[PDB]
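These numbers come from the heavy atoms of this one structure, side chains and all, not from hydrogens, waters or symmetry mates. Whatever order the structure lists ligands and atoms in, that order sets their numbers, starting from 1. The first residue in the sequence is number 1, and the count goes up from there.
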Amino acid sequence: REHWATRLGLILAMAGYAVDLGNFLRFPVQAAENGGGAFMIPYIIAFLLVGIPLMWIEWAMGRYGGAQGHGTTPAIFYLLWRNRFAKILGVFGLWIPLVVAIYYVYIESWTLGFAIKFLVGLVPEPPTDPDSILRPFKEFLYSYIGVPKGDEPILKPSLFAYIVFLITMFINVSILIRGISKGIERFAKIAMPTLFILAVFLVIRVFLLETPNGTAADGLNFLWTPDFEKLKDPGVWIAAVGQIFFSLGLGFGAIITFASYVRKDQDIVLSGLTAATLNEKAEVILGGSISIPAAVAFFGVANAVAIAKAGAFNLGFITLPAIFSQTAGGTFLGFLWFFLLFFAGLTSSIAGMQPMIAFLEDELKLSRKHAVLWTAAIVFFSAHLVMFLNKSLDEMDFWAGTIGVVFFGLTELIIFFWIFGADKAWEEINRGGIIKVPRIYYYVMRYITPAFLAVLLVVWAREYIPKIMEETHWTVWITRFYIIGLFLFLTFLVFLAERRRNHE
Ligand SMILES: CCCCCCCCO[C@@H]1O[C@H](CO)[C@@H](O)[C@H](O)[C@H]1O
Ligand SMILES: CCCCCCCCO[C@@H]1O[C@H](CO)[C@@H](O)[C@H](O)[C@H]1O
Ligand SMILES: CCCCCCCCO[C@@H]1O[C@H](CO)[C@@H](O)[C@H](O)[C@H]1O
Ligand SMILES: O[C@]1(c2ccc(Cl)cc2)c2ccccc2C2=NCCN21
Ligand code: NA
Ligand code: NA
């Protein structure tokens, strides 16, 4: 079995998995909307009661499976629970990261495309008033993606966007086809320091921003001034538990799969804690110091609330690019911003495609080359739905990327700590540990963590599911149809896997 070569490489690949575009865009917007500095109270709590416990569990489950030659959840769930229904539930740990990959690699390609256009100067140059600067960049994005100009839900990506997507798939494959240590691990040791340098440069340059409308200090101010009155709102605590769960990449199968290349008695307690910490530091220190302070510096604290409500995507793809076109050397600044987002995405997508690759290798005995190429083929092909059908992306992101992962997070806990056995699970986590998990976490993992996840799941199911089902366009059924088909196909592959095993 492939293994991580060095402890540092393992930590950087895992941190690389967790650190993504959300760290630099989603987290700052969530924090501003949910109590500013006060948001750190439920955020740390969520990290301590949900993020950290579940992450350890996924590492444990992964390492446990890897020791027996299985890196994915259909086989691993079955090892923890010898039941047919365990294998079927395990398909979700293959289906979730596959579906997310189908839209994520494409979004990732946008950052590469924007980076290139900025570098060579193929970007708008306004002209005054805020909308006069924002609008040319809104149009730039819309022409790139091919946002529908009619009533048809049809996207028409530019030729540039399509080719960059091809290049982005190629880069992912280039890394993945080299394997865990010589591919994913090797790239982690380059990308994570590169990521750190890019962010630190941006933080310094953003902190120097001074405009007639404000400063970066005003931005840091608006973001970090506590509003403890928002702590009464349960939706702020839901937002925190959700933000932590998504930022750490829990429930995607990626962590389990990556952990399966950790040797049987190699530490996961300290390595896991360190990886999660890297993600948090990148999130609150770097992510919180770039996008929002930059936006508030240029548009003024008066528009801070409006900026936050316009969302993470507009901030990262419209607002910030517009600001850069109005700042000195902003052209090279825009390149760095999107180069940073690209590496953030790239380190996450290679990790997110590994479960499908590992399944083909482990259960269908494909060579790494064949497993990588076929996985890429399925993802490349399916992505055409995301590129050409308006709102298809959102539909996939809701079922697999939002509802899916929390359901799968809960399923993991129950199978491991309740069905497999809490005592067997606890020993599995702490074995080989450089440090031991605090005894208090035995109760957290068993009662607190699933409770939190159960509550989040129900709240979101009651809140969002009726909306998606009743108020969306008929074309959502196309996306629902396709992704349900994918689940059928993966179930069949799992069916073929157990049949081959019966023969040999
Ligand atoms: C059917 C799934 C695989 C084939 C999908 C069709 C590929 C579409 O290819 C298209 O080529 C055009 C060149 O003019 C580009 O401008 C489009 O953006 C690109 O998507
Ligand atoms: C769901 C898979 C996506 C199908 C790929 C669309 C291929 C459409 O193909 C071409 O599209 C061009 C604009 O896109 C048009 O100029 C052409 O008339 C059309 O033939
Ligand atoms: C972390 C933030 C980056 C992810 C945000 C990408 C999601 C944006 O996807 C959106 O799909 C829409 C469908 O109607 C299009 O109209 C939008 O213009 C397109 O940006
Ligand atoms: O960027 C992801 C991720 C997950 C899977 C893939 Cl294939 C690609 C990227 C992601 C997407 C959506 C929601 C959360 C997360 C996430 N957390 C860590 C890496 N990662
Ligand atoms: Na993250
Ligand atoms: Na990443």
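Residue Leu25 does not touch ligand 3, judged by heavy-atom distances below 4.0 Å.
Shown are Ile483, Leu486, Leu393; of these, the side-chain contact (heavy atoms from CB on, under 4.5 Å) with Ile102 is made only by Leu486.
Not a single protein heavy atom sits closer than 4.0 Å to atom 9 (O) of ligand 2. Protein heavy atoms come within 4.0 Å of atom 5 (C) of ligand 3. For atom 13 (C) of ligand 2, a protein non-hydrogen atom is found at a distance below 4.0 Å.
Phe388 CZ: more than 12 foreign heavy atoms inside a 6.0 Å radius. Other residues, nucleotides and ligands contribute over 12 non-hydrogen atoms within 6.0 Å of the CZ atom of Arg7. Counting non-hydrogen atoms of other residues, nucleotides and ligands closer than 6.0 Å to CZ of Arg135 gives a total above 12. Shown here is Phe170, whose CZ atom has no more than 12 heavy atoms of other residues, nucleotides or ligands within 6.0 Å. For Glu471, the CD atom counts as densely surrounded, since its 6.0 Å shell holds more than 12 non-hydrogen atoms of other residues, nucleotides or ligands. Within 6.0 Å of the CH2 atom in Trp460, the count of heavy atoms belonging to other residues, nucleotides or ligands exceeds 12. No more than 12 heavy-atom neighbours from other residues, nucleotides or ligands sit within 6.0 angstrom of CZ on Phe196. Counting heavy-atom neighbours within 6.0 Å of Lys369 NZ, excluding the residue itself, gives a total of 12 or less.
For atom 18 (C) of ligand 4, the nearest protein heavy atom (residue, atom name, distance) is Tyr17 O, 3.1 Å. Closest protein heavy atom to atom 3 (C) of ligand 2: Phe388 CD1, 3.5 Å. The single protein non-hydrogen atom nearest to atom 19 (C) of ligand 3 is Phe313 CE2, 4.2 Å, given as residue, atom name and distance. Protein heavy atom at the shortest distance from atom 7 (C) of ligand 3 is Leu393 CD2, 4.0 Å. Scanning all protein heavy atoms for the shortest distance to atom 8 (C) of ligand 4 gives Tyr104 CD2, 3.4 Å. Closest to atom 1 (C) of ligand 3, if we only count protein heavy atoms, is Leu21 CB, 4.2 Å. Nearest to atom 18 (O) of ligand 3 among the protein's heavy atoms is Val147 CG2, 3.7 Å. At the top of the distance list for atom 5 (C) of ligand 4, counting protein heavy atoms only, stands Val100 CG1, 3.6 Å. Ranking protein heavy atoms by distance to atom 13 (C) of ligand 4, first place goes to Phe252 CZ, 3.7 Å. The nearest heavy-atom contact from the protein to atom 2 (C) of ligand 2 is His384 O, 4.0 Å. Scanning the protein for heavy atoms near atom 17 (N) of ligand 4, the closest one is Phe246 O, 3.1 Å.
Interface of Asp20 with ligand 4, defined as ligand atoms under 4.0 Å from a residue heavy atom, comprises 1 (O), 2 (C), 10 (C), 15 (C), 16 (C), 20 (N). Close approach of ligand 4 to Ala18 (heavy-atom distance below 4.0 Å) involves ligand atoms 18 (C). The contact set between ligand 4 and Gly249, taken as ligand atoms under 4.0 Å from a residue heavy atom, comprises 17 (N), 18 (C). Taking a cut-off of under 4.0 Å to the non-hydrogen atoms of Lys156, the atoms of ligand 2 that pass are 12 (C), 13 (C), 14 (O). Of all the atoms in ligand 4, the ones that sit under 4.0 Å from a non-hydrogen atom of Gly352 are 6 (C), 7 (Cl). Below 4.0 Å from some heavy atom of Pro97 lie the following atoms of ligand 4, by number and element: 7 (Cl). The distance from ligand 3 to the heavy atoms of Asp394 drops below 4.0 Å at these ligand atoms: 11 (O), 13 (C). Within ligand 4, the atoms closer than 4.0 Å to a non-hydrogen atom of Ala101 are 7 (Cl), numbered from 1 in the order shown.
When only modelled atom types and interatomic distance are considered, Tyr261 and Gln354 share a side-chain donor-acceptor pair under 3.5 Å. Between the side chains of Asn314 and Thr319, not a single donor N or O lies within less than 3.5 Å of an accepting N or O. A donor-acceptor contact closer than 3.5 angstrom is absent between the side chains of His384 and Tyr106.
For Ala295 against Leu315, the heavy-atom pair with the smallest separation is CB-CD1, 3.7 Å.
Residue contacts with ligand 3: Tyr142 is placed with no nitrogen or oxygen under 3.5 Å of a nitrogen or oxygen of the ligand (distance criterion only). Inclusion of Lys391 in the set of residues having an N or O under 3.5 Å from an N or O of ligand 3 is warranted.
Aromatic pair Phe343/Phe339: centroids less than 6.0 angstrom apart.
Heavy-atom distances between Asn390 and ligand 3 reach below 4.0 Å in at least one pair.
A salt bridge is absent between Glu33 and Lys309: the closest approach of a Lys/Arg side-chain nitrogen to an acidic carboxylate oxygen does not fall below 4.0 angstrom.
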